[PDB]
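Sequential numbering of the sequence shown, starting at 909, is according to UniProt numbering.
Data block below; observations after.
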Amino acid sequence: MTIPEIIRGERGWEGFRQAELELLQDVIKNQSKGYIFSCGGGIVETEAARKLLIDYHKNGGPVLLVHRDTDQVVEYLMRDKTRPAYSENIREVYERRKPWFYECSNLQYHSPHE
Ligand SMILES: O=C(O)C1=C[C@@H](O)[C@@H](O)[C@H](O)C1
C-alpha cells in the first residue's frame, strides 16, 4: 500500500513512523555499502531514527543534508493540494526539525548560485 493510504487507516502517523524506523534499521545493516538513499522528509522526528543516523555518521557515515532557502522550500510544499486542513504549518515544522537535521547530518551542500 501507499504512504498516504497508511495515514488514513488504523496505522495513522503512529504506525507510519515505526514503518520508517524498521526499514531504515533493515537498510542500514543489509544495504550497508554501495547504495545512495533518499530518506523521508520527517524521518528526523522519530527519536530512535535520529539515534541510528547519528550512530551511522559518527563512525564513517555519510549523511548529507540538502536545504534550499526556507522560503522556497515552503512554497513547494504549500503548492501541493494534498494537505489536510488544520494540519501543521510548514514554518513550525522546518524550524523544529532544523536542529535535528544538523545533529543527524555528517555533510552539507547548498548550491552557491541558486
Ligand atoms: O514532510 C514529511 O514529514 C513527509 C515527507 C515525505 O517525504 C514523506 O515521507 C511523507 O509524506 C512525510
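For each residue, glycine too, the CB sits at the ideal point set by N, CA and C.
When DSSP builds the beta bridges, which residues end up paired with residue i?
i, result
"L1015", "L972"
Whole angstroms are fine: how far does the CA of residue j sit from the CA of residue i?
i, j, result
"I915", "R991", "12 Å"
"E928", "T954", "9 Å"
"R925", "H1021", "35 Å"
"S940", "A956", "18 Å"
"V1001", "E913", "22 Å"
"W921", "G968", "31 Å"
"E996", "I911", "18 Å"
"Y994", "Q933", "32 Å"
"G949", "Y943", "19 Å"
Hey, out of the options, whose CA is closest to residue i's CA?
i, options, result
"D963", "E996, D988, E1000, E1011", "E1011"
"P1007", "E996, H975, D979", "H975"
"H965", "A993, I998, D979, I936", "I936"
"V982", "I944, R958, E1003, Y943", "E1003"
"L931", "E918, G917, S946, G942", "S946"
"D977", "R999, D988, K959, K989", "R999"
Going along the chain, which residues of its own chain have a beta-carbon closer than 7 Å to the beta-carbon of residue i, five neighbours each way excluded?
i, result
"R1005", "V952, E953"
"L961", "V971, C1012"
Skipping 5 residues on each side, what residues in its chain have a beta carbon closer than 8 Å to that of residue i?
i, result
"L972", "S1013, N1014, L1015, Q1016, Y1017"
Residue ranges of each alpha helix (DSSP H) within the stretch 914-979, 4 or longer:
List check, alpha helix (DSSP H) in window: 920-938, 955-966.
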